[PDB]
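As given, the protein sequences belong to chains Aj, AL, AQ, Ac, Ad and AP, one line each in that order.
Note that PDB author numbering numbers the first sequence so that position 102 is 102, with each residue one more than the last.
Note that PDB author numbering numbers the second sequence so that position 38 is 68, with each residue one more than the last.
Note that PDB author numbering numbers the third sequence so that position 86 is 87, with each residue one more than the last.
Note that PDB author numbering numbers the fourth sequence so that position 9 is 10, with each residue one more than the last.
Note that PDB author numbering numbers the fifth sequence so that position 22 is 125, with each residue one more than the last.
Note that PDB author numbering numbers the sixth sequence so that position 84 is 93, with each residue one more than the last.
Here a beta-carbon is modelled for each residue, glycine too, at the ideal position from N, C-alpha and C.
I have placed the structure first, in the form of C-alpha cells, so that the comments after it can refer back to it.
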Amino acid sequence: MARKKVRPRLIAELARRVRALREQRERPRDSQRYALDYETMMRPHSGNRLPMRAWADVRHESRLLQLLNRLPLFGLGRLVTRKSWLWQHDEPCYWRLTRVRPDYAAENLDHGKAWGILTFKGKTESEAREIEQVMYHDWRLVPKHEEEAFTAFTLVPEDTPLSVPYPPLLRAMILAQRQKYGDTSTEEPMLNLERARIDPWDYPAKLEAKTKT
Amino acid sequence: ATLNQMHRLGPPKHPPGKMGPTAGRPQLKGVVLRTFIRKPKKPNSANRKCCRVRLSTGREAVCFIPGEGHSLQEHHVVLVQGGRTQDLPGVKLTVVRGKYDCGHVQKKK
Amino acid sequence: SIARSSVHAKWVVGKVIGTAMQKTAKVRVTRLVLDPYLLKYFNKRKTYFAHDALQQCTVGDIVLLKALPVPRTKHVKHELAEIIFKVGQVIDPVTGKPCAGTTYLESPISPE
Amino acid sequence: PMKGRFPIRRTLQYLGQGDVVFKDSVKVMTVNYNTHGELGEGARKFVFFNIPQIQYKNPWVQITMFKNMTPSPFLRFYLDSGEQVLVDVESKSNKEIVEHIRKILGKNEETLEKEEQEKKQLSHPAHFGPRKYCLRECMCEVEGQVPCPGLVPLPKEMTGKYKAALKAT
Amino acid sequence: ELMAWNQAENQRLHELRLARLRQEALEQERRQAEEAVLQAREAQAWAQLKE
Amino acid sequence: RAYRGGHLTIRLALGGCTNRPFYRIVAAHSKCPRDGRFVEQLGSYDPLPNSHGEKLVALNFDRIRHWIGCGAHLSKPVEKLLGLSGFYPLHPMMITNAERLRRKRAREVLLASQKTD
RNA sequence: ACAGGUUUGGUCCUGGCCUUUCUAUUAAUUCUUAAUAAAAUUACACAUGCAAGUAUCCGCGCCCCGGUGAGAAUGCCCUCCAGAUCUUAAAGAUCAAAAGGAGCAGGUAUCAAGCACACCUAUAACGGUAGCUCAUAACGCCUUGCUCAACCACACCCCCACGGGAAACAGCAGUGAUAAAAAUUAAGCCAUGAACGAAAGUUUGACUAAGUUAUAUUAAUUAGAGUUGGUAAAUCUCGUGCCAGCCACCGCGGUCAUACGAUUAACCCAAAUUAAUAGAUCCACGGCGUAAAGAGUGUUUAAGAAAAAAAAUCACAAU
RNA sequence: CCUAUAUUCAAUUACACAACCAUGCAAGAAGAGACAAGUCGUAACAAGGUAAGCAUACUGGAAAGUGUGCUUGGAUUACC
Ligand SMILES: [Mg+2]
Ligand SMILES: [Mg+2]
Ligand SMILES: [Mg+2]
Ligand SMILES: [Mg+2]
Ligand SMILES: [Mg+2]
Ligand SMILES: [Mg+2]
Ligand SMILES: [Mg+2]
Ligand SMILES: [Mg+2]
Ligand SMILES: [Mg+2]
Ligand SMILES: [Mg+2]
Ligand SMILES: [Mg+2]
Ligand SMILES: [Mg+2]
Ligand SMILES: [Mg+2]
Ligand SMILES: [Mg+2]
Ligand SMILES: [Mg+2]
Ligand SMILES: [Mg+2]
Ligand SMILES: [Mg+2]
Ligand SMILES: [Mg+2]
Ligand SMILES: [Mg+2]
Ligand SMILES: [Mg+2]
Ligand SMILES: [Mg+2]
Ligand SMILES: [Mg+2]
Ligand SMILES: [Mg+2]
Ligand SMILES: [Mg+2]
Ligand SMILES: [Mg+2]
Ligand SMILES: [Mg+2]
Ligand SMILES: [Mg+2]
Ligand SMILES: [Mg+2]
Ligand SMILES: [Mg+2]
Ligand SMILES: [Mg+2]
Ligand SMILES: [Mg+2]
Ligand SMILES: [Mg+2]
Ligand SMILES: [Mg+2]
Ligand SMILES: [Mg+2]
Ligand SMILES: [Mg+2]
Ligand SMILES: [Mg+2]
Ligand SMILES: [Mg+2]
Ligand SMILES: [Mg+2]
Ligand SMILES: [Mg+2]
Ligand SMILES: [Mg+2]
Ligand SMILES: [Mg+2]
Ligand SMILES: [Mg+2]
Ligand SMILES: [Mg+2]
Ligand SMILES: [Zn+2]
Numbered sequence: 001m002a003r004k005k006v007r008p009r010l011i012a013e014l015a016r017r018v019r020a021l022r023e024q025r026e027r028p029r030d031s032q033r034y035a036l037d038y039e040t041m042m043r044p045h046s047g048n049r050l051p052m053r054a055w056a057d058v059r060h061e062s063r064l065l066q067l068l069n070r071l072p073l074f075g076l077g078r079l080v081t082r083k084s085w086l087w088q089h090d091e092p093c094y095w096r097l098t099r100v101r102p103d104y105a106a107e108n109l110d111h112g113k114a115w116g117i118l119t120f121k122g123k124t125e126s127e128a129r130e131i132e133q134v135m136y137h138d139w140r141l142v143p144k145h146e147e148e149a150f151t152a153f154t155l156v157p158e159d160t161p162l163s164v165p166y167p168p169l170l171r172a173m174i175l176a177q178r179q180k181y182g183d184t185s186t187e188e189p190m191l192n193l194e195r196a197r198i199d200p201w202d203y204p205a206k207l208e209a210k211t212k213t
Numbered sequence: 031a032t033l034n035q036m037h038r039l040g041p042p043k044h045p046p047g048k049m050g051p052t053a054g055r056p057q058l059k060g061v062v063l064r065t066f067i068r069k070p071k072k073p074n075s076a077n078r079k080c081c082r083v084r085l086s087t088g089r090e091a092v093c094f095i096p097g098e099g100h101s102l103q104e105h106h107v108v109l110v111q112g113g114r115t116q117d118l119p120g121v122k123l124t125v126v127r128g129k130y131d132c133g134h135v136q137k138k139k
Numbered sequence: 002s003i004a005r006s007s008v009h010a011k012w013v014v015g016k017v018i019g020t021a022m023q024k025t026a027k028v029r030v031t032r033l034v035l036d037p038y039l040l041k042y043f044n045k046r047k048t049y050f051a052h053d054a055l056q057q058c059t060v061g062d063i064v065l066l067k068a069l070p071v072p073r074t075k076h077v078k079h080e081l082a083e084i085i086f087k088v089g090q091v092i093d094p095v096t097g098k099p100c101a102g103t104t105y106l107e108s109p110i111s112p113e
Numbered sequence: 002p003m004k005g006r007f008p009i010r011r012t013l014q015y016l017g018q019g020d021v022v023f024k025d026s027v028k029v030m031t032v033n034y035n036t037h038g039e040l041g042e043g044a045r046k047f048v049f050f051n052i053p054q055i056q057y058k059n060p061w062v063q064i065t066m067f068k069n070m071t072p073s074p075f076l077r078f079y080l081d082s083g084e085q086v087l088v089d090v091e092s093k094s095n096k097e098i099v100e101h102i103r104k105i106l107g108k109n110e111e112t113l114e115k116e117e118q119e120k121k122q123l124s125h126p127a128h129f130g131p132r133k134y135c136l137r138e139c140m141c142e143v144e145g146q147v148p149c150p151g152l153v154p155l156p157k158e159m160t161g162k163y164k165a166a167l168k169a170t
Numbered sequence: 104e105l106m107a108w109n110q111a112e113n114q115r116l117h118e119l120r121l122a123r124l125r126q127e128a129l130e131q132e133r134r135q136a137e138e139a140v141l142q143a144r145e146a147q148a149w150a151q152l153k154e
Numbered sequence: 010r011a012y013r014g015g016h017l018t019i020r021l022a023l024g025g026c027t028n029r030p031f032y033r034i035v036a037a038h039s040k041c042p043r044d045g046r047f048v049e050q051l052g053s054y055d056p057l058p059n060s061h062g063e064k065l066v067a068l069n070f071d072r073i074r075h076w077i078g079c080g081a082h083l084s085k086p087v088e089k090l091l092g093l094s095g096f097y098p099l100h101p102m103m104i105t106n107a108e109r110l111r112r113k114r115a116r117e118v119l120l121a122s123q124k125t126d
C-alpha cells in the first residue's frame with residue numbers, strides 16, 4: 001500500500017515487458033511441440049512421458065492432420081470420427097470440418113489447428129467451433145459412400161424419470177416445514193431433474209474463450 | 031502536571047533494561063589470557079584470584095574464580111557467567127566451576 | 002444510482018486556514034478524540050483541501066465540506082458546499098439577524 | 002482520577018452510561034454556545050457533561066464547538082442527505098437538551114436491542130476453537146465423550162503404537 | 104414527522120424570545136432616561152466650572 | 010492471504026490430540042491450510058464412539074445449504090457424512106465399499122468352513 | 001503489593017538499590033518408568049537421499065502446502081474494489097492487487113526545518129498563479145515482524161532481476177562452520193487435507209502413527225539438591241585466624257566464626273534443585289520555600305480558560 | 001487476403017560518482033574515576049582563626065587570593 005517514502009521499482013516493469021516479448025518471439029511451433037518419440041514414448045519438447053493406457057492407440061492410429069493432409073482441399077466439408085467414440089458409443093459421433101489451418105514448419109505436414117461443427121451421440125450442435133484434441137492419435141476418416149451410412153441416425157427418446165424422491169431427511173424437513181405454515185397437502189415432494197442433465201466425459205469441451213455477459 | 035501536560039507527554043514508559051557484561055546471554059565461553067590477583071576494596075581485605083579472559087564476543091574482560099584453589103593456565107577455555115563480585119571494583123564476571131578446563135573444587139586430600 | 006467517494010469524510014465542517022492557491026481553500030477540520038489513558042477528549046486537527054469554484058472564502062470562515070465523488074487531485078477530495086459562518090459577518094441561524102459576537106446588529110423585534 | 006473539576010466524568014463507566022445513539026443519517030453535530038449569560042447556562046452544562054457521553058457512543062460523528070459567535074445557544078445537525086436539523090437550546094436544561102435530541106434523531110430501544118441481538122447470534126454455542134471465540138476447544142471436554150489423553154492416558158488398544166506392533170507381528 | 108415537530112418547537116421558542124426581548128427593550132429605555140438625567144446634571148456642573 | 014485461484018469448499022479440519030482425533034466441519038478456501046483459516050464453521054464430527062456408543066455429528070443445515078447454494082464443493086468424507094445423515098443420497102462409493110465388504114465376509118465364511126474340514 | 005532489608009550516634013522526611021512472586025532459555029549437580037505437549041544459536045556454507053504429479057496423448061497442477069523472520073517503523077482497524085477462481089444463462093459467491101483514511105501505531109528534537117515537496121486552466125497540451133509539509137513533530141537517524149482462528153514480508157546476493165555476481169535445504173532429514181544453545185540421514189498414504197482423474201484410483205517429508213530429549217504438566221515404581229547471621233523456615237562440634245574464603249542486599253573472617261571450610265543436627269523444595277540471563281510486574285492523576293524541580297523580566301502567536309458578582313485612574317525615589 | 005493468417009522489431013545515449021557515511025586500527029593528545037599508613041600545605045566546617053558564597057575579572061605550587069556589584073544558606077547575644 002501507500003507509505004509516503006515508497007520506492008519506484010522500475011525493473012519490475014522491464015522484466016514484465018521483456019518476458020512477454022521473449023514469450024511471443026520464442027513461442028513454439030506446434031510441429032516440434034507435440035512431436036513424439038515412438039520408441040521411448042516421450043516428448044522431446046516438454047520431456048513428458050505418455051500415460052500407459054494411451055500407448056497402443058499411439059502406435060496403431062493416426063492424428064487428424066495425418067488424415068487431412070492427403071485430402072484434396074485439405075478436407076473441407078468432410079466427416080471425421082474418433083476411435084474412442086466408435087468403441088464407446090454406438091450412436092454416430094462425428095466432426096464436420098469447417099476450417100483447417102495446418103502447420104507448415106512440419107516436414108511431413110502432420111500438425112495444425114482445426115474447426116467445425118460437431119455431432120455427438122447423434123445430436124447436432126448448430127455452431128462452428130475449434131476442434132479439441134487434434135494431436136491425439138485416435139482419429140479416423142469416413143469414406144464418401146459410407147458418409148450417408150454414418151450420418152444415418154435412429155432417433156430414440158429418453159426414458160430417465162423427470163422427477164425423483166428427495167433424500168430421506170430433506171424430504172422430512174420439507175414436509176414438516178409445510179405443516180408449520182398450514183399447508184395440509186400430502187402430495188409427495190419431488191425433485192425435478194430437467195436441468196440436472198450433464199454430458200458424458202467423452203463430450204469435447206470448447207477451447208474458445210468465454211464472452212462475459 | 032496538568033491534564034494537558036499529561037496528554038502532551040503521553041503516559042510514562044518503562045525504559046528498556048540496559049545490557050551488562052554477558053551482553054544479555056546467560057553464559058559466554060572464553061579463553062584465559064592471564065591469571066593474576068586483586069586486592070578488594072578498603073573496609074575488608076584478602077587477595078582474590080582472578081583471570082583475564084577473551085570472550086566469544088571478542089571483548090576482553092577481567093573475571094573472577096570462585097572456590098579455594100584452582101588450576102588455570104593461559105589458553106585454557108572456560109565458561110563465564112554474570113554474577114558480580116562485591117569486593118572487587120570492576121569485576122563483573124565469574125568463572126563457572128565444573129566446565130571445560132575449570133574443574134570442580136577438589137575436596138581436601 | 003452510483004456516485005460515491007471511498008473517503009470516511011463524507012461531510013465535515015472546518016475553519017478556513019488559507020486561500021493562497023487558485024480556487025482552493027485550505028480547511029482545518031477538528032474532531033474530538035479520546036485520550037485512552039486520561040479518558041478525556043482533546044481536539045485532533047487535520048487539514049483538507051477543498052475546491053472553491055467562485056473563490057468565495059476568506060480566512061477564518063467556518064465552512065462545510067462535501068466529499069467529491071471523483072478526486073480532483075491527490076490532495077483535493079472535497080468540494081466546499083456551504084459557508085456556514087462568514088468571518089466576522091454572521092447571520093444568526095436562529096433568528097436570521099446580523100450579529101457581531103453576542104450582540105444583535107439589527108434587533109429581531111424591530112421588523113418595521 | 003484526582004485532577005479535574007468533575008473527575009467522575011473521566012471514568013469509563015460515566016462515558017458508557019450516557020444514552021444517545023444517533024441514527025446513521027447524522028454525520029456532523031455542531032454546538033454553538035456562549036460563555037456568559039444566564040439563558041445560555043443549560044447549553045454550557047451540556048458541553049461539560051453530555052458531549053463526552055455522546056461522542057463516546059458515536060465515535061464516527063464529528064462534533065464541533067464554537068464559542069460566542071451567535072447571541073444564542075444552538076445545535077446544528079448535518080445529515081447524509083444534505084438535510085440540516087437546527088435545534089434551539091435556550092432556557093432549556095442540560096437534561097431537556099439530551100432528551101429532545103434523543104427524541105429527534107436517536108434510535109428506539111427496539112432498534113438497539115435488535116442490533117445487539119444480531120451481534121449476540123454471531124458467536125454460536127455449538128462451535129469449537131480458541132477460548133477467545135468459543136466455549137470449548139477439543140470435544141475432549143464434553144462429558145460423555147473420549148477424554149484428552151493429556152489427562153487420562155488411553156487404553157493400550159486405542160494407541161496407534163499397539164496397533165502397529167500388532168500388524169507387524 | 105420529527106423534523107416537523109422540531110420545526111414547530113423552534114417556532115414556539117422564537118415567539119417566547121421575541122416576548123422577552125420586547126420586555127428588555129422597555130427596561131432599557133427606562134435605563135436611558137436615568138442615564139440622560141445624570142449626564143445632563145454633570146454636563147451642567149462642568150459647564151458652570153469652566154465658565 | 011491473496012491466492013491465485015481455488016474455490017470455496019466444505020471439508021474437515023482435524024483438531025485433536027495424539028490418538029484422539031476430532032473434526033471441525035468447515036467452509037474454507039481451497040488453497041488455505043487444513044487446520045488454518047476458514048470462512049465459516051459448519052459442524053463438528055467426533056469419530057471416536059462415546060459412552061453411549063455414538064459418533065456425534067453436528068450439522069448447521071441452514072448454513073450448509075446456503076454455501077452449497079453458492080457453489081462450494083464438498084470433500085469425499087463430508088459427502089459420506091451428509092449421505093449418512095440422509096441430507097444427501099448415499100454416496101456411490103459407500104454402497105460399493107459395502108458390497109465389497111459383503112463379498113469379503115462371504116469368502117472368509119467359505120474359507121472358514123474349508124479350513125475347518 | 002498486605003509489603004520487607006539498607007543512609008544516621010540517633011529520630012523523622014525525601015530518595016534510590018535490593019528481597020519476597022511467576023515463566024522461559026542455558027549451565028552446574030542429581031535422574032526410575034509411562035503418557036501428553038513442545039522442540040528454539042545462526043537469512044553463514046552445504047556431501048547424499050527424498051519433498052509434484054496425475055492423465056488415453058491435450059491439458060490441469062507444480063513456495064498451494066511446508067520454511068523462515070532477513071527486510072521494513074513496517075503497520076493495526078476501516079473504506080473501496082480491478083482481477084483471478086468456482087458455480088450457474090445471467091445473478092451470486094470465495095480470495096481479494098492497486099488506490100484510499102474517522103481513529104490507533106517503537107525510540108530519538110543534541111534530527112528543526114524539508115527544498116518543489118502544490119494548485120488552476122482546460123484541453124489533456126499550451127499556458128497561468130506561487131505555492132505545499134512541519135514543534136498537534138515535517139525531514140532525518142536508530143531499533144524492530146506482528147495488535148495472533150490470523151496477518152505482513154522474504155524465497156542465494158545486487159530493495160527489483162531484463163542483466164550481473166555466480167551456481168543457492170529459510171521443504172524433511174542430515175553435515176561443516178558458528179553459538180551458552182545439539183530431535184530420526186526413520187515408517188506409512190490407513191485417516192484428514194491438497195493435485196489430477198468420468199471413475200475405480202494414483203501421488204503427497206502436508207500430515208498420521210512412531211523414534212529422540214527431564215523443556216513443561218500429570219500419574220506412580222523413583223532421592224537428590226539447595227539452605228540454616230538478618231531480611232527469611234532451619235546448627236552443633238572441630239579447623240582456620242583480615243589468611244583461606246563467603247555474600248542478592250546489609251555484611252562476615254584480627255584466636256570462643258551459628259556468616260569461611262568440614263562434621264552433627266535441622267529446614268525447604270523434590271525427579272528434580274540451585275546459579276546465570278532474559279522477561280512478566282514495577283515511575284507521576286505524584287510533586288516544585290529548605291530535599292530533584294517556579295525556568296532574570298514583560299508582551300503577543302499557537303493553544304486554551306471564560307464557568308456566579310463587580311472593576312480601568314491620582315502625595316512620595318519609573319524611564 | 002477462393003477457410004485464412006504470417007512476420008518484424010523495442011536497445012541506447014548524456015553525465016556524475018566514496019564525496020558522505022558507518023565500522024575497526026592509529027603516531028599521538030586531553031580529561032574523569034579509582035587510587036598509599038606517600039609528599040606539600042591548611043581552603044571549608046566554630047565570627048574555622050581575614051564570616052561564607054554567587055556572577056565576572058585578574059593573579060598564584062596547590063588548595064586559593066584580591067577587585068566590583070549581589071546573596072544570608074553569618075552573627076551583632078536584642079528596656080544595650
Ligand atoms: Mg504433463
Ligand atoms: Mg573486614
Ligand atoms: Mg555472586
Ligand atoms: Mg561435566
Ligand atoms: Mg497434536
Ligand atoms: Mg543521610
Ligand atoms: Mg550505623
Ligand atoms: Mg525505601
Ligand atoms: Mg541442556
Ligand atoms: Mg508462515
Ligand atoms: Mg531502516
Ligand atoms: Mg468484483
Ligand atoms: Mg484491497
Ligand atoms: Mg530484524
Ligand atoms: Mg530480497
Ligand atoms: Mg541458504
Ligand atoms: Mg530477490
Ligand atoms: Mg533442514
Ligand atoms: Mg526450496
Ligand atoms: Mg555441527
Ligand atoms: Mg534447546
Ligand atoms: Mg550430543
Ligand atoms: Mg491420503
Ligand atoms: Mg486417498
Ligand atoms: Mg515416504
Ligand atoms: Mg556458601
Ligand atoms: Mg573457632
Ligand atoms: Mg546467609
Ligand atoms: Mg558454612
Ligand atoms: Mg523439572
Ligand atoms: Mg532546590
Ligand atoms: Mg521568580
Ligand atoms: Mg539562571
Ligand atoms: Mg577563606
Ligand atoms: Mg574569632
Ligand atoms: Mg582554615
Ligand atoms: Mg590564616
Ligand atoms: Mg576564613
Ligand atoms: Mg563560619
Ligand atoms: Mg568567584
Ligand atoms: Mg593578589
Ligand atoms: Mg593588594
Ligand atoms: Mg537571641
Ligand atoms: Zn484434546
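So what does residue i bridge to, in DSSP terms?
{"i": "Ac:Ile102", "result": "Looking at the DSSP assignment, Ac:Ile102 forms no beta bridge with any residue, so it has no partner."}
{"i": "AP:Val66", "result": "AP:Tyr54"}
{"i": "Ac:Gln54", "result": "Ac:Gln54 is not bridged to any residue."}
{"i": "AL:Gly99", "result": "None; AL:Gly99 has no bridge partner."}
{"i": "Aj:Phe74", "result": "According to DSSP, Aj:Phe74 bridges with nothing at all."}
Within its chain, find whatever has a CB closer than 7 angstroms to the CB of residue i; leave out the 5 residues flanking it on each side and keep chain order.
{"i": "Aj:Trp85", "result": "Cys93, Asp202"}
{"i": "AQ:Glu107", "result": "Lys98, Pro99"}
Skipping 5 residues on each side, what residues in its chain have a beta carbon closer than 6 angstroms to that of residue i?
{"i": "residue 1 of chain AP", "result": "No answer is possible for residue 1 of chain AP: it lies beyond the span of chain AP, which begins at 10 and ends at 126."}
Are residue i and residue j closer than 7 angstroms when you measure CB to CB?
{"i": "Aj:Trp95", "j": "Aj:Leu118", "result": "yes"}
Could you name the residues of the same chain whose beta carbon sits closer than 8 angstroms to that of residue i, not counting the 5 residues immediately before and after it, in chain order?
{"i": "AL:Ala31", "result": "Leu39"}
Scan the region 74 to 88 of chain Ac for residues whose Cβ lies nearer than 8 angstroms to a Cβ of chain Ad and list them as they occur along the chain. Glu84, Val86, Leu87, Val88
Residues, ordered as in the chain, of the region 166 to 190 of chain Aj that lie near chain AP by beta-carbon distance below 9 angstroms: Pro167, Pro168, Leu169, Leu170, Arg171, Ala172, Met173
Selection of the region 90 to 113 of chain AQ by Cβ proximity to chain Ad, strictly under 9 angstroms: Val95, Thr96, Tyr105, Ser108, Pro109, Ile110, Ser111
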